[PDB]
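Below: work37.cif (mmCIF, C-alpha atoms and all ligand atoms)
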```cif
data_my_file
loop_
_atom_site.label_atom_id
_atom_site.label_comp_id
_atom_site.auth_asym_id
_atom_site.auth_seq_id
_atom_site.Cartn_x
_atom_site.Cartn_y
_atom_site.Cartn_z
CA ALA J 40 0.00 0.00 0.00
CA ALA J 41 1.38 3.50 -0.79
CA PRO J 42 2.10 6.06 1.94
CA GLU J 43 -0.71 8.32 3.18
CA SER J 44 -1.24 11.72 1.61
CA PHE J 45 0.01 14.85 3.34
CA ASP J 46 -0.35 18.60 3.12
CA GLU J 47 1.54 21.14 5.19
CA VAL J 48 3.45 24.44 5.12
CA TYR J 49 7.13 23.69 5.65
CA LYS J 50 9.57 26.60 5.89
CA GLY J 51 7.01 28.92 4.32
CA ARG J 52 6.22 26.67 1.37
CA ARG J 53 3.32 24.33 0.71
CA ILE J 54 4.26 20.70 0.29
CA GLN J 55 1.71 18.07 -0.74
CA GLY J 56 1.94 14.36 -1.38
CA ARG J 57 -0.60 11.85 -2.60
CA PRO J 58 -0.76 8.27 -3.93
CA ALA J 59 -1.11 8.27 -7.71
CA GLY J 71 2.98 5.47 -7.60
CA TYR J 72 3.25 8.66 -5.53
CA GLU J 73 3.25 12.41 -6.37
CA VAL J 74 4.78 15.31 -4.46
CA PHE J 75 4.30 19.02 -5.08
CA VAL J 76 6.18 22.12 -3.84
CA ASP J 77 4.01 25.23 -4.15
CA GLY J 78 1.90 23.38 -6.72
CA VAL J 79 4.89 22.35 -8.84
CA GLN J 80 5.40 18.60 -9.17
CA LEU J 81 8.65 17.25 -7.73
CA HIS J 82 10.01 13.96 -9.16
CA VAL J 83 10.30 11.46 -6.34
CA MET J 84 11.24 7.76 -6.25
CA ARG J 85 10.87 4.95 -3.80
CA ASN J 86 13.79 2.59 -3.06
CA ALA J 87 13.33 -1.15 -2.50
CA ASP J 88 13.90 -0.71 1.25
CA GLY J 89 11.03 1.77 1.54
CA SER J 90 13.05 4.92 1.62
CA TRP J 91 12.57 7.85 -0.76
CA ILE J 92 14.62 10.34 -2.72
CA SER J 93 13.76 13.25 -5.00
CA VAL J 94 15.45 14.66 -8.06
CA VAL J 95 16.95 17.41 -5.94
CA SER J 96 18.24 15.01 -3.29
CA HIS J 97 18.71 11.91 -5.39
CA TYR J 98 21.67 10.29 -3.59
CA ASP J 99 20.37 10.67 -0.06
CA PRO J 100 17.59 8.34 1.06
CA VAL J 101 15.09 9.59 3.60
CA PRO J 102 12.33 7.54 5.21
CA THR J 103 9.14 9.03 3.76
CA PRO J 104 7.83 11.15 0.87
CA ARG J 105 7.13 13.99 3.29
CA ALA J 106 10.79 13.80 4.30
CA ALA J 107 11.78 13.96 0.64
CA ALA J 108 9.53 17.02 0.09
CA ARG J 109 11.04 18.69 3.18
CA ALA J 110 14.56 17.85 1.95
CA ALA J 111 13.62 19.54 -1.37
CA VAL J 112 12.45 22.69 0.35
CA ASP J 113 15.70 22.71 2.31
CA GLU J 114 17.65 22.28 -0.93
CA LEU J 115 15.81 25.01 -2.83
CA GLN J 116 16.55 27.81 -0.36
CA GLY J 117 13.44 29.67 -1.53
CA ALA J 118 13.85 29.02 -5.26
CA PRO J 119 10.88 28.06 -7.37
CA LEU J 120 10.91 24.51 -8.54
CA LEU J 121 10.91 24.04 -12.31
CA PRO J 122 8.58 21.40 -13.78
CA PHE J 123 10.43 18.19 -14.73
CA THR A 2 45.33 7.78 -22.87
CA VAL A 3 46.42 7.83 -19.19
CA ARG A 4 43.99 8.91 -16.45
CA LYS A 5 45.85 10.66 -13.67
CA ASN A 6 45.11 11.55 -10.07
CA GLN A 7 43.90 15.15 -10.12
CA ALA A 8 46.39 15.99 -7.34
CA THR A 9 49.27 15.25 -9.73
CA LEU A 10 48.24 17.39 -12.73
CA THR A 11 50.63 20.07 -13.87
CA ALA A 12 49.51 23.70 -14.17
CA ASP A 13 49.36 23.24 -17.93
CA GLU A 14 47.28 20.06 -17.70
CA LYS A 15 44.83 21.89 -15.39
CA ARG A 16 44.60 24.81 -17.80
CA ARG A 17 43.94 22.55 -20.80
CA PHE A 18 41.32 20.46 -18.99
CA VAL A 19 39.44 23.55 -17.86
CA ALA A 20 39.58 25.12 -21.33
CA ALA A 21 38.32 21.94 -22.96
CA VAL A 22 35.42 21.63 -20.50
CA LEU A 23 34.49 25.31 -21.03
CA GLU A 24 34.47 24.85 -24.80
CA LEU A 25 32.14 21.85 -24.53
CA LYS A 26 29.90 24.05 -22.43
CA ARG A 27 30.05 27.01 -24.86
CA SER A 28 29.19 24.84 -27.86
CA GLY A 29 26.12 23.32 -26.16
CA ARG A 30 27.55 19.78 -26.02
CA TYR A 31 28.17 19.75 -22.26
CA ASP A 32 24.51 20.32 -21.36
CA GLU A 33 23.39 17.31 -23.34
CA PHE A 34 25.54 15.09 -21.08
CA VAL A 35 23.75 16.65 -18.10
CA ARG A 36 20.38 15.99 -19.77
CA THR A 37 21.22 12.35 -20.61
CA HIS A 38 22.27 11.65 -17.06
CA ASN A 39 19.11 13.18 -15.54
CA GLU A 40 16.89 11.20 -17.84
CA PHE A 41 18.48 7.93 -16.65
CA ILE A 42 18.41 9.06 -12.99
CA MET A 43 14.73 9.67 -13.23
CA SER A 44 13.92 6.48 -15.14
CA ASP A 45 16.15 3.81 -13.41
CA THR A 46 13.90 2.20 -10.76
CA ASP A 47 14.34 -0.78 -8.44
CA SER A 48 11.35 -2.70 -9.65
CA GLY A 49 11.44 -1.81 -13.35
CA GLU A 50 13.94 -1.16 -16.09
CA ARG A 51 17.23 0.09 -14.68
CA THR A 52 20.42 0.70 -16.62
CA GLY A 53 22.57 3.63 -15.51
CA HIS A 54 22.10 3.38 -11.70
CA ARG A 55 20.92 1.03 -8.95
CA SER A 56 21.81 -1.99 -11.11
CA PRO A 57 24.81 -4.06 -12.21
CA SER A 58 25.26 -1.87 -15.28
CA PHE A 59 25.93 1.18 -13.08
CA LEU A 60 29.66 0.58 -13.54
CA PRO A 61 29.95 -0.18 -17.29
CA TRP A 62 27.28 2.49 -18.04
CA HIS A 63 29.29 5.19 -16.29
CA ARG A 64 32.48 3.83 -17.87
CA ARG A 65 30.99 4.35 -21.35
CA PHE A 66 29.41 7.70 -20.36
CA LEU A 67 32.79 8.95 -19.15
CA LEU A 68 34.40 7.68 -22.39
CA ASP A 69 31.87 9.66 -24.39
CA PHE A 70 32.74 12.77 -22.37
CA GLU A 71 36.49 12.20 -22.57
CA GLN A 72 36.27 11.72 -26.35
CA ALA A 73 34.33 14.99 -26.59
CA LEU A 74 37.05 16.69 -24.58
CA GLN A 75 39.70 15.21 -26.87
CA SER A 76 37.90 16.64 -29.89
CA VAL A 77 38.69 20.07 -28.40
CA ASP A 78 42.20 19.24 -27.15
CA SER A 79 43.61 15.80 -27.94
CA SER A 80 46.02 15.97 -24.98
CA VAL A 81 43.24 16.05 -22.39
CA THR A 82 42.16 12.98 -20.43
CA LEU A 83 39.81 12.71 -17.43
CA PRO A 84 41.62 12.96 -14.11
CA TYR A 85 40.29 11.17 -11.06
CA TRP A 86 39.56 12.41 -7.55
CA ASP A 87 40.63 10.01 -4.79
CA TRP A 88 38.29 11.40 -2.14
CA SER A 89 39.63 8.96 0.40
CA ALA A 90 42.94 10.85 0.33
CA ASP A 91 41.98 14.40 -0.78
CA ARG A 92 39.22 14.76 1.74
CA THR A 93 39.15 18.40 2.81
CA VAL A 94 38.21 21.71 1.18
CA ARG A 95 41.88 22.65 1.00
CA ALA A 96 42.58 19.94 -1.55
CA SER A 97 44.16 21.61 -4.61
CA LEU A 98 41.12 20.20 -6.53
CA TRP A 99 39.05 22.99 -5.03
CA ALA A 100 41.59 25.73 -5.77
CA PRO A 101 40.70 28.67 -8.07
CA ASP A 102 43.00 27.28 -10.79
CA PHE A 103 41.05 24.00 -11.06
CA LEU A 104 37.44 23.54 -9.96
CA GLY A 105 36.95 26.44 -7.56
CA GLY A 106 35.86 26.03 -3.93
CA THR A 107 32.74 25.66 -1.85
CA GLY A 108 29.65 27.78 -2.16
CA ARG A 109 29.05 30.83 0.00
CA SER A 110 26.63 30.30 2.90
CA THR A 111 23.73 32.47 1.77
CA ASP A 112 22.80 30.66 -1.46
CA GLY A 113 25.44 27.98 -2.02
CA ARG A 114 26.93 29.97 -4.91
CA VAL A 115 30.49 29.09 -5.96
CA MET A 116 32.42 32.36 -6.00
CA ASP A 117 35.83 31.41 -7.45
CA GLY A 118 37.40 29.16 -10.10
CA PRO A 119 36.61 28.92 -13.79
CA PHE A 120 33.03 27.66 -13.22
CA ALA A 121 31.83 30.46 -10.94
CA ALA A 122 28.69 32.09 -12.28
CA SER A 123 30.36 35.51 -12.21
CA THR A 124 32.71 34.50 -15.02
CA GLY A 125 29.83 34.25 -17.48
CA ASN A 126 31.26 30.89 -18.64
CA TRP A 127 29.16 28.37 -16.71
CA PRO A 128 25.39 28.95 -16.96
CA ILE A 129 23.36 26.19 -15.31
CA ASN A 130 20.78 25.48 -18.02
CA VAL A 131 19.66 21.88 -17.44
CA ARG A 132 18.09 22.22 -14.01
CA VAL A 133 15.30 21.44 -11.67
CA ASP A 134 16.22 23.86 -8.91
CA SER A 135 15.49 27.06 -10.85
CA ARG A 136 18.74 28.83 -9.95
CA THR A 137 21.29 29.25 -12.78
CA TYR A 138 24.58 29.34 -10.89
CA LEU A 139 26.89 26.55 -9.79
CA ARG A 140 26.38 25.67 -6.14
CA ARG A 141 28.30 23.56 -3.62
CA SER A 142 28.32 23.03 0.12
CA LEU A 143 31.41 20.90 0.69
CA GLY A 144 30.89 18.79 3.80
CA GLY A 145 27.55 20.53 4.53
CA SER A 146 25.02 17.63 4.36
CA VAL A 147 27.29 14.81 5.49
CA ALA A 148 30.38 15.49 7.42
CA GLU A 149 32.96 13.03 6.09
CA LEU A 150 34.01 11.56 2.72
CA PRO A 151 34.72 7.82 2.75
CA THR A 152 38.03 6.80 4.31
CA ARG A 153 40.53 4.40 2.77
CA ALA A 154 39.64 1.73 5.35
CA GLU A 155 36.02 2.00 4.25
CA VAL A 156 36.97 1.75 0.61
CA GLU A 157 39.13 -1.29 1.38
CA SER A 158 36.20 -3.04 3.06
CA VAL A 159 34.17 -2.62 -0.15
CA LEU A 160 36.98 -3.71 -2.39
CA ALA A 161 37.20 -6.96 -0.40
CA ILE A 162 33.65 -8.00 -1.37
CA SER A 163 34.09 -10.86 -3.89
CA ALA A 164 30.67 -10.96 -5.64
CA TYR A 165 30.22 -8.34 -8.30
CA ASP A 166 26.49 -8.04 -7.73
CA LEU A 167 23.62 -10.23 -6.46
CA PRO A 168 19.86 -10.69 -7.09
CA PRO A 169 17.72 -8.67 -6.92
CA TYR A 170 20.28 -6.52 -8.76
CA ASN A 171 18.99 -3.22 -7.37
CA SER A 172 19.42 -0.77 -4.51
CA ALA A 173 18.66 -3.65 -2.08
CA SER A 174 21.52 -5.87 -3.20
CA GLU A 175 24.45 -7.18 -1.29
CA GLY A 176 27.72 -7.38 -3.23
CA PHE A 177 30.39 -5.07 -4.57
CA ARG A 178 28.48 -2.95 -7.05
CA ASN A 179 25.79 -1.80 -4.59
CA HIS A 180 28.30 -1.18 -1.79
CA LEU A 181 30.46 0.91 -4.18
CA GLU A 182 27.35 2.71 -5.46
CA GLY A 183 26.47 3.23 -1.81
CA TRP A 184 22.81 2.26 -1.33
CA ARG A 185 23.89 -0.33 1.23
CA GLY A 186 26.76 -0.28 3.70
CA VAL A 187 29.25 2.34 4.67
CA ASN A 188 28.44 4.17 1.36
CA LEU A 189 31.10 5.30 -1.13
CA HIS A 190 29.72 6.87 -4.32
CA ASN A 191 26.37 8.25 -3.17
CA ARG A 192 27.92 9.81 -0.08
CA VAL A 193 30.45 11.74 -2.19
CA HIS A 194 27.59 13.33 -4.15
CA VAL A 195 25.91 14.27 -0.87
CA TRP A 196 29.21 15.70 0.48
CA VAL A 197 29.74 18.03 -2.46
CA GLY A 198 26.14 19.30 -2.27
CA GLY A 199 24.69 21.80 -4.74
CA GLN A 200 23.97 20.34 -8.17
CA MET A 201 26.15 17.31 -7.38
CA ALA A 202 23.46 16.20 -4.91
CA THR A 203 20.75 16.23 -7.64
CA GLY A 204 19.79 14.32 -10.78
CA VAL A 205 21.57 17.07 -12.76
CA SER A 206 24.85 16.29 -11.00
CA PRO A 207 27.07 16.52 -14.16
CA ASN A 208 26.43 20.26 -13.96
CA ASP A 209 29.47 20.24 -11.66
CA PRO A 210 32.70 19.30 -13.51
CA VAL A 211 33.73 17.40 -10.36
CA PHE A 212 31.16 14.77 -11.44
CA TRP A 213 33.62 13.43 -14.00
CA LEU A 214 36.53 13.27 -11.54
CA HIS A 215 34.34 11.50 -8.95
CA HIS A 216 33.17 8.92 -11.52
CA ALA A 217 36.70 8.46 -12.89
CA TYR A 218 37.75 7.36 -9.37
CA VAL A 219 34.67 5.11 -8.93
CA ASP A 220 35.74 3.63 -12.30
CA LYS A 221 39.27 3.13 -10.99
CA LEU A 222 37.86 1.32 -7.93
CA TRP A 223 36.10 -1.08 -10.28
CA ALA A 224 39.47 -1.76 -11.95
CA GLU A 225 41.11 -2.29 -8.51
CA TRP A 226 38.32 -4.67 -7.53
CA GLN A 227 38.97 -6.70 -10.67
CA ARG A 228 42.66 -6.98 -9.74
CA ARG A 229 41.70 -8.15 -6.24
CA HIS A 230 39.20 -10.72 -7.60
CA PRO A 231 40.39 -12.17 -10.91
CA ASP A 232 37.91 -15.05 -10.30
CA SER A 233 34.90 -12.66 -10.20
CA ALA A 234 33.16 -11.09 -13.18
CA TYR A 235 30.06 -9.11 -14.11
CA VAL A 236 26.70 -10.71 -13.37
CA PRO A 237 24.01 -11.42 -14.35
CA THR A 238 24.95 -13.49 -17.35
CA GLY A 239 21.73 -13.98 -19.22
CA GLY A 240 17.95 -13.80 -19.19
CA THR A 241 17.29 -11.26 -16.43
CA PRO A 242 14.24 -9.01 -16.89
CA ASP A 243 14.79 -5.27 -16.53
CA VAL A 244 18.54 -5.60 -15.90
CA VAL A 245 21.41 -5.49 -18.45
CA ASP A 246 22.96 -8.92 -18.63
CA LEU A 247 26.65 -9.33 -19.52
CA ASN A 248 26.10 -9.75 -23.29
CA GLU A 249 23.09 -7.40 -23.64
CA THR A 250 23.41 -3.94 -25.09
CA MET A 251 22.90 -0.80 -23.06
CA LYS A 252 20.86 2.34 -23.73
CA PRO A 253 21.38 4.99 -24.92
CA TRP A 254 24.13 3.71 -27.22
CA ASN A 255 22.41 0.39 -28.00
CA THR A 256 25.62 -0.94 -29.60
CA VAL A 257 27.82 -1.74 -26.59
CA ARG A 258 27.43 -4.40 -23.89
CA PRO A 259 28.88 -4.67 -20.38
CA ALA A 260 31.16 -7.38 -21.87
CA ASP A 261 32.72 -4.72 -24.13
CA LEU A 262 33.59 -2.47 -21.21
CA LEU A 263 35.02 -4.80 -18.53
CA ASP A 264 38.64 -4.27 -19.57
CA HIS A 265 39.45 -0.59 -19.27
CA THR A 266 42.90 -1.03 -20.84
CA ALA A 267 41.26 -1.23 -24.24
CA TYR A 268 40.54 2.46 -23.76
CA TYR A 269 42.90 3.95 -21.17
CA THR A 270 45.28 3.07 -18.37
CA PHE A 271 45.81 4.67 -14.94
CA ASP A 272 48.86 6.45 -13.66
CA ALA A 273 49.08 3.63 -11.13
CA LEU A 274 46.98 0.50 -10.63
CA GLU A 275 48.06 -2.21 -8.28
CA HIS A 276 48.46 -5.60 -9.80
CA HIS A 277 46.73 -8.52 -8.08
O1 LIG J 301 25.41 8.82 -10.36
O2 LIG J 301 25.87 10.14 -10.72
CU CU J 302 25.11 8.61 -13.07
CU CU J 303 14.20 9.33 -9.62
CU CU J 304 27.77 9.73 -9.43
CU CU J 305 45.32 -14.87 -6.91
#
```
With the file now loaded, output its structure as structure tokens.
Amino acid sequence: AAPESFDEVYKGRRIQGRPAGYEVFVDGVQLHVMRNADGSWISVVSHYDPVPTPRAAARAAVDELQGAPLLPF
Amino acid sequence: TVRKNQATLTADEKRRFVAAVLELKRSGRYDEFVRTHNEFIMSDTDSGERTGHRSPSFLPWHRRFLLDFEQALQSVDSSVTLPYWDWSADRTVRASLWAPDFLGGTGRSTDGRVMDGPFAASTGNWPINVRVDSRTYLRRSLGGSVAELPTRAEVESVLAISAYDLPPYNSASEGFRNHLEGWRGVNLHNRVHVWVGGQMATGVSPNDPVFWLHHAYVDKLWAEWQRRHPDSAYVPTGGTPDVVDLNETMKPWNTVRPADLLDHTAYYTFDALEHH
């Protein structure tokens, strides 16, 4: 079963996730994410650094972006 | 045709490498390497087709990708070869690698922007065009997101693993390839990307010229592993869904197989490579 959906404001920016296998958005812009066999997640802006959940990947992306808009992939 | 430790380059070799990389960028060729790599990063998955990463072909795929890049450099200046970065030895920000005459240093704290070296945004010579993070300047945070590069003792532990790879041939595997890649164990290759930070931590990691020097040393570790384990070879060897078997061809080239890339000496040698 896929992770639960989420929606929160993290460091001033809206992050959302939902089962689709799973989609994440930063301020309404889709962020490419991927699930590893062991259940961890990465995103295209943190793609060598597994984190435990898609919300953690969205948060890691906000950290990475330092305020910058995400470009569509 | 000799790949040298970056720390040993002469001033003239550094100048010619930088100029050749900047000309590939100016002509638009460099960015298409960045784009190819990101496409494979985003498509290689543990339960589906996987070629460039998280799979046995991670090593021959990057060997051929680096050969493509080196050949492009040699079309600009035939004397240039890819150097390699031994991050187990040159492990601090004061390594000459990060000097203004080579790759430039770490990014400033406000926005990660690299402020010196030939690839600093201020030079006008290194626009970041293929991107996901919308910013257009090279960024790094050396040692920011993880605080140590692998040590030699860690590298040696990985080199001692005898099996090249094991089912399920993905990020969950035991074996040499996945411990070198870093998804399991003490973590060599993925940790180095995390350590550099900035674009090197993303699917558009070839935006940083250190990408090539990192992968040339990963590639050297594959060659060292072979010398330690003459009785071990690439697996799988036939009939494996979603994974490139030994004699199967690899995208995007379609005309080369892992079998064609196991012996690096067909293409280059190293300044030094231990014999078994
Ligand atoms: O893997 O870069
Ligand atoms: Cu790669
Ligand atoms: Cu991905
Ligand atoms: Cu890499
Ligand atoms: Cu022997």
How would you report the residues lying within 9 Å of ligand LIG 301 (chain J), as a PyMOL selection string, if you count all atoms listed in the file? (chain J and resi 97-98) or (chain A and resi 38-39+42+53-54+59+63+182+190-191+194+201-207+212+215-216)
Those residues with C-alpha atoms, as a tab-separated table (two decimals), keeping the file's coordinate frame please?
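Ended up saving to part-v3.tsv:
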```
chain	number	residue	atom	x	y	z
J	97	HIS	CA	18.71	11.91	-5.39
J	98	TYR	CA	21.67	10.29	-3.59
A	38	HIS	CA	22.27	11.65	-17.06
A	39	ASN	CA	19.11	13.18	-15.54
A	42	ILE	CA	18.41	9.06	-12.99
A	53	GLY	CA	22.57	3.63	-15.51
A	54	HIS	CA	22.10	3.38	-11.70
A	59	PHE	CA	25.93	1.18	-13.08
A	63	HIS	CA	29.29	5.19	-16.29
A	182	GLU	CA	27.35	2.71	-5.46
A	190	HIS	CA	29.72	6.87	-4.32
A	191	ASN	CA	26.37	8.25	-3.17
A	194	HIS	CA	27.59	13.33	-4.15
A	201	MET	CA	26.15	17.31	-7.38
A	202	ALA	CA	23.46	16.20	-4.91
A	203	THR	CA	20.75	16.23	-7.64
A	204	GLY	CA	19.79	14.32	-10.78
A	205	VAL	CA	21.57	17.07	-12.76
A	206	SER	CA	24.85	16.29	-11.00
A	207	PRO	CA	27.07	16.52	-14.16
A	212	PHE	CA	31.16	14.77	-11.44
A	215	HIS	CA	34.34	11.50	-8.95
A	216	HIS	CA	33.17	8.92	-11.52
```
Between CA of residue 56 in chain A and CA of residue 142 in chain A, what is the distance in Å, rounded to a tenth?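 If I compute the distance from CA of residue 56 in chain A to CA of residue 142 in chain A, I get 28.2 Å.
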Could you list the residues in chain J lying within 6 Å of chain A, using all atoms listed in the file, and format the result as a ChimeraX atom specification? /J:87,94-98,119-121
Kindly work out which residues sit at most 12 Å from ligand CU 305 (chain J), using all atoms listed in the file, and give the list as an mmCIF file with C-alpha atoms, keeping the file's coordinate frame.
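Final output, saved to pocket_28.cif:
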```cif
data_model
loop_
_atom_site.group_PDB
_atom_site.id
_atom_site.type_symbol
_atom_site.label_atom_id
_atom_site.label_comp_id
_atom_site.auth_asym_id
_atom_site.auth_seq_id
_atom_site.Cartn_x
_atom_site.Cartn_y
_atom_site.Cartn_z
ATOM 1 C CA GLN A 227 38.970 -6.700 -10.670
ATOM 2 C CA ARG A 228 42.660 -6.980 -9.740
ATOM 3 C CA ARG A 229 41.700 -8.150 -6.240
ATOM 4 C CA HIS A 230 39.200 -10.720 -7.600
ATOM 5 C CA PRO A 231 40.390 -12.170 -10.910
ATOM 6 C CA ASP A 232 37.910 -15.050 -10.300
ATOM 7 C CA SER A 233 34.900 -12.660 -10.200
ATOM 8 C CA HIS A 276 48.460 -5.600 -9.800
ATOM 9 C CA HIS A 277 46.730 -8.520 -8.080
#
```
CA of residue 96 in chain A and CA of residue 75 in chain A are how many Å apart?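 Taking CA of residue 96 in chain A as the start and CA of residue 75 in chain A as the end point, the length is 25.9 Å.
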Quick one: pull the distance between CA of residue 126 in chain A and CA of residue 141 in chain A, Å, one decimal.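 Answer for the CA of residue 126 in chain A to CA of residue 141 in chain A separation: 17.0 Å.
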Using all atoms listed in the file, the residue out of J:41, J:118, J:84, J:108 with shortest distance to residue 53 in chain J is J:108
Residue 44 in chain J surroundings by all atoms listed in the file, 8 Å radius, close-in-sequence under 4 positions cut, as a PyMOL selection string: chain J and resi 55-58
Dump C-alpha atoms for the selected residues as an mmCIF file, keeping the file's coordinate frame?
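Dumped to again15.cif:
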```
data_model
loop_
_atom_site.group_PDB
_atom_site.id
_atom_site.type_symbol
_atom_site.label_atom_id
_atom_site.label_comp_id
_atom_site.auth_asym_id
_atom_site.auth_seq_id
_atom_site.Cartn_x
_atom_site.Cartn_y
_atom_site.Cartn_z
ATOM 1 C CA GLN J 55 1.710 18.070 -0.740
ATOM 2 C CA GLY J 56 1.940 14.360 -1.380
ATOM 3 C CA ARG J 57 -0.600 11.850 -2.600
ATOM 4 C CA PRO J 58 -0.760 8.270 -3.930
#
```
